[PDB]
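Take a look at the structure below.
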Amino acid sequence: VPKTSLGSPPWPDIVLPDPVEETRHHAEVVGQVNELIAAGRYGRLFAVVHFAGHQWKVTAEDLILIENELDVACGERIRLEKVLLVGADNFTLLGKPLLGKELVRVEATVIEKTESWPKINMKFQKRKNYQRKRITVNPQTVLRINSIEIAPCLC
Amino acid sequence: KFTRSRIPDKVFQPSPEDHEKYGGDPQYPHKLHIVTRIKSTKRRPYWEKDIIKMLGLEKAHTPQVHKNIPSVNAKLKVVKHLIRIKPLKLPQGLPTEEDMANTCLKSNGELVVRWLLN
Amino acid sequence: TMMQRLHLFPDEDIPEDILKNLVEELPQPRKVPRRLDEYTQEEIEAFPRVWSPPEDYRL
Amino acid sequence: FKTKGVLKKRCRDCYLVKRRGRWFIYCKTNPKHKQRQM
RNA sequence: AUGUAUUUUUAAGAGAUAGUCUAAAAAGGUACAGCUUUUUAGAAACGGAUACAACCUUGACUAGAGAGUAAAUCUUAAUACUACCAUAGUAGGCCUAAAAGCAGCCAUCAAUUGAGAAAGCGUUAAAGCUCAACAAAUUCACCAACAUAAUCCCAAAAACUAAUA
RNA sequence: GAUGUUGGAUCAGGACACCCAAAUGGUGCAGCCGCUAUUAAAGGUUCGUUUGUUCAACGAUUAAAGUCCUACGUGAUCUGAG
Ligand SMILES: [Mg+2]
Ligand SMILES: [Mg+2]
Ligand SMILES: [Mg+2]
Ligand SMILES: [Mg+2]
Ligand SMILES: [Mg+2]
Ligand SMILES: [Mg+2]
Ligand SMILES: [Mg+2]
Ligand SMILES: [Mg+2]
Ligand SMILES: [Mg+2]
Ligand SMILES: [Mg+2]
Ligand SMILES: [Mg+2]
Ligand SMILES: [Mg+2]
Ligand SMILES: [Mg+2]
Ligand SMILES: [Mg+2]
Ligand SMILES: [Mg+2]
Ligand SMILES: [Zn+2]
Numbered sequence: 055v056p057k058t059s060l061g062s063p064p065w066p067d068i069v070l071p072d073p074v075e076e077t078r079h080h081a082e083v084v085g086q087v088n089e090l091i092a093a094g095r096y097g098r099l100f101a102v103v104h105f106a107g108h109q110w111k112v113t114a115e116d117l118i119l120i121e122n123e124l125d126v127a128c129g130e131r132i133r134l135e136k137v138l139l140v141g142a143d144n145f146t147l148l149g150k151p152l153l154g155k156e157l158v159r160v161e162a163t164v165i166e167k168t169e170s171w172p173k174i175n176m177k178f179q180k181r182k183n184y185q186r187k188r189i190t191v192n193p194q195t196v197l198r199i200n201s202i203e204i205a206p207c208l209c
Numbered sequence: 035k036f037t038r039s040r041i042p043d044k045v046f047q048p049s050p051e052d053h054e055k056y057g058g059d060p061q062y063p064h065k066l067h068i069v070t071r072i073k074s075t076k077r078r079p080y081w082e083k084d085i086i087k088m089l090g091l092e093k094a095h096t097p098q099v100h101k102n103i104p105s106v107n108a109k110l111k112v113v114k115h116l117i118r119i120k121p122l123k124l125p126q127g128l129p130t131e132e133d134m135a136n137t138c139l140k141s142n143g144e145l146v147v148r149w150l151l152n
Numbered sequence: 120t121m122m123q124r125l126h127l128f129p130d131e132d133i134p135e136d137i138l139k140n141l142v143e144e145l146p147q148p149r150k151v152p153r154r155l156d157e158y159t160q161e162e163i164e165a166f167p168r169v170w171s172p173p174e175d176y177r178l
Numbered sequence: 063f064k065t066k067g068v069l070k071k072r073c074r075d076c077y078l079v080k081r082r083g084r085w086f087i088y089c090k091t092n093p094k095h096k097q098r099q100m
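As you go down the protein sequences, you meet chains V, 3, N and 9 in turn. Counting from 1 along the first sequence, just add 54 to a position and that's the residue number in the entry's author numbering. Counting from 1 along the second sequence, just add 34 to a position and that's the residue number in the entry's author numbering. Counting from 1 along the third sequence, just add 119 to a position and that's the residue number in the entry's author numbering. Counting from 1 along the fourth sequence, just add 62 to a position and that's the residue number in the entry's author numbering.
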């Protein structure tokens with residue numbers, strides 16, 4: 055097997071660590087990040103949330119506009135549950151494909167209940183004499199996001 | 035002319051390795067079909083549109099369940115190129131009353147009776 | 120407009136102005152093959168002589 | 063010369079050569095056998 | 001039987017009755033039409049076939065700064081012919097101006113170790129050139145292809161970091 | 001609820017299936033003429049008698065007096081013999 059431009063597969067060789075060393079290394083790394091959470095060294099967190107059929111990027115003091123009516127009194131404090139991502143300058147927690155409740159918590163307040171600005175929808179047809187004009191008004195809900203807290207427990 | 039055609043019986047006589055290939059059990063045939071509609075009924079002759087209205091296959095990519103009796107099998111045969119057929123499996127057995135609220139149908143073609151405990 | 124931001128030079132001669140403001144070197148898309156004389160004697164000696172030539176044949 | 067669809071050697075002395083990405087029939091004995099494929 | 005919810009009657013009503021192409025069976029014509037004439041199917045997307053009425057994917061609402069998929073992006077190719085050598089009855093009969101293998105009929109014989117009573121050209125007929133036969137060797141093949149139009153070519157490019165994307 | 005239709009005049013754009021000029025193969029090519037085939041479109045491609053005529057005949061010449069297409073080019077430029 056001499057070297058010809060073909061006989062050698064065109065890509066870098068794959069170096070894959072042993073599962074044992076990886077289990078140790080993981081236990082250790084998770085341990086360390088865990089020490090950062092316990093310490094309180096995370097400056098500001100941002101989260102990726104799944105709400106009302108969309109995904110969002112959320113941080114404390116921020117604002118989002120949800121496209122349908124929720125049944126909540128105005129000013130109540132909601133706790134969002136399905137959480138995809140959590141991240142901070144030094145570290146990031148990734149859910150498969152969801153983050154466990156005990157690990158992280160994100161609490162928002164509903165600010166505004168509104169009807170959306172009129173959306174003009176009109177179908178038309180060439181010389182069939184067909185027009186249909188309809189104006190749409192959509193109930194909307196604005197959320198202030200208050201807090202993202204992250205608990206020490208990670209194993 | 036164009037016609038309703040026919041399928042000769044040889045088509046439907048399975049070889050021994052087709053059992054191994056599709057994972058059907060050679061000894062016992064299976065009870066229920068899960069039939070999904072993959073393709074459109076447009077551009078197709080009216081009698082096929084009929085068959086698809088009878089099978090309850092009205093809108094695409096929704097599963098349906100049917101018996102494996104010869105009567106239903108005939109119609110399926112007529113439309114067999116528009117549909118997807120898979121045997122329904124019941125690992126946990128038949129659903130009883132208490133489990134009616136907890137039923138779920140997985141893409142294996144597999145019915146799960148107890149779904150999402152607490 | 121973007122056509123204006125492209126600068127083409129026939130050889131390698133470029134005004135000090137354009138040389139001085141260059142950030143980054145792009146990788147060559149095609150891998151240029153070597154000639155015969157390029158190969159280190161190590162590499163040529165290292166490659167198998169595939170067939171056995173007869174002596175009485177003139178080359 | 064002749065422009066032809068199919069070249070065929072007319073005698074024993076026609077040799078068949080490819081030049082300029084065409085097929086020619088050249089003949090030294092008689093010139094009238096010269097042909098050129100199109 | 002079976003899978004479904006449709007069908008028949010009764011009472012009122014109109015429009016419509018100047019169709020196109022695609023697949024299939026046929027007619028007529030030129031086994032010609034974006035041709036005409038019937039019978040059975042399909043179609044008339046805001047997505048593909050760049051552009052597009054008929055082909056293909058899909059059937060349908062109203063919002064979303066979400067997702068999974070469908071038809072589909074345009075690739076396919078095509079080559080050579082080589083040695084060395086050549087006497088014999090006998091220009092076999094028959095014809096024919098001549099007829100000598102080689103104008104046609106008959107015969108296909110027999111020397112040499114090996115050479116057809118001859119497959120080519122050639123000559124008025126001869127004469128003369130090569131093929132088949134040994135002798136010397138080496139062997140690898142054979143089934144070959146096809147000019148052009150009128151304003152100005154018609155994405156640009158590209159052998160390759162892994163795709164049931 | 002109009003895309004005004006033959007031939008000329010003027011001005012020509014293009015094709016190459018070259019009539020001339022330019023390089024060449026083959027010849028039943030000695031040379032002179034020729035007859036065929038290949039490659040080449042920058043430039044040329046006449047004046048008259050008779051017909052409304054394109055076509056055609058005929059006189060005289062030219063290196064030649066090409067074959068075509070462009071709404072049988074071109075009438076809000078011209079001419080109407082037809
Ligand atoms: Mg009509
Ligand atoms: Mg009528
Ligand atoms: Mg056509
Ligand atoms: Mg019909
Ligand atoms: Mg389109
Ligand atoms: Mg829908
Ligand atoms: Mg002799
Ligand atoms: Mg003998
Ligand atoms: Mg008008
Ligand atoms: Mg001109
Ligand atoms: Mg030419
Ligand atoms: Mg010209
Ligand atoms: Mg005209
Ligand atoms: Mg005129
Ligand atoms: Mg005009
Ligand atoms: Zn020859």
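Even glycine gets a Cβ: it sits at the ideal position worked out from N, Cα and C.
Exercise for the section: Report the neighbours of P56 (chain V) on chain N: residues whose CB is nearer than 7 Å to its CB, in chain order. Expected result: Residues of chain N passing the Cβ test: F166, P167.
Practice task
State yes or no: is the C-beta of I117 (chain 3) within less than 8 Å of the C-beta of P97 (chain 3)?
Solution key: The Cβ-Cβ distance between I117 (chain 3) and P97 (chain 3) does not fall below 8 Å.
Practice task
Using beta-carbon positions only, say whether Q126 (chain 3) and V99 (chain 3) come within less than 8 Å of one another.
Solution key: Result no, Cβ atoms of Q126 (chain 3) and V99 (chain 3) do not sit closer than 8 Å.
Exercise for the section: Could you pull out every residue in the same chain whose Cβ sits closer than 8 Å to the Cβ of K93 (chain 3), ignoring the five residues on either side in sequence? Expected result: Within the same chain, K93 (chain 3) has close Cβ partners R71.
Exercise for the section: For the alpha helix (DSSP H) holding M100 (chain 9), just list the boundary residues, first then last. Expected result: In the DSSP annotation of this structure, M100 (chain 9) is not part of any alpha helix (DSSP H), being labelled neither H nor E.
Practice task
Jot down the residue ranges of each uninterrupted beta strand (DSSP E) in the stretch 44-68 of chain 3, minimum 3 residues, whole runs only, in chain order.
Solution key: Counting whole runs of 3 or more residues, the stretch 44-68 of chain 3 contains no beta strand (DSSP E) stretch at all.
Handout entry: Beta-carbon proximity of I120 (chain V) to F100 (chain V), cut-off 8 Å
Key = Going by C-beta atoms, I120 (chain V) is not nearer than 8 Å to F100 (chain V).
Practice task
Taking the CB atoms as reference points, tell me whether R131 (chain V) and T168 (chain V) lie closer together than 8 Å.
Solution key: The answer is no: Cβ separation not under 8 Å.
Practice task
Report the residue from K57 (chain V), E76 (chain V), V69 (chain V), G97 (chain V) whose alpha carbon sits nearest the alpha carbon of residue 7 (chain V).
Solution key: This structure does not reach residue 7 (chain V), given that chain V is present from 55 up to 209, and the question cannot be answered.
Problem - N102 (chain 3) vs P63 (chain 3) beta-carbon contact at 8 Å - result: Going by C-beta atoms, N102 (chain 3) is nearer than 8 Å to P63 (chain 3).
Problem - Outcome for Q97 (chain 9) when other beta-carbon atoms lying within 10 angstroms are tallied against a minimum of 16 - result: That one is buried.
Practice task
Rounded to whole angstroms, what's the CA-CA distance from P63 (chain V) to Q160 (chain N)? Just pull it up for me.
Solution key: Put simply, the backbone Cα of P63 (chain V) is about 24 Å away from that of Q160 (chain N).
Exercise for the section: Look up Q86 (chain V) in the DSSP assignment and say whether it is helix, strand or coil. Expected result: In the structure shown, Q86 (chain V) falls within a helical segment according to DSSP collapsed to helix, strand and coil.
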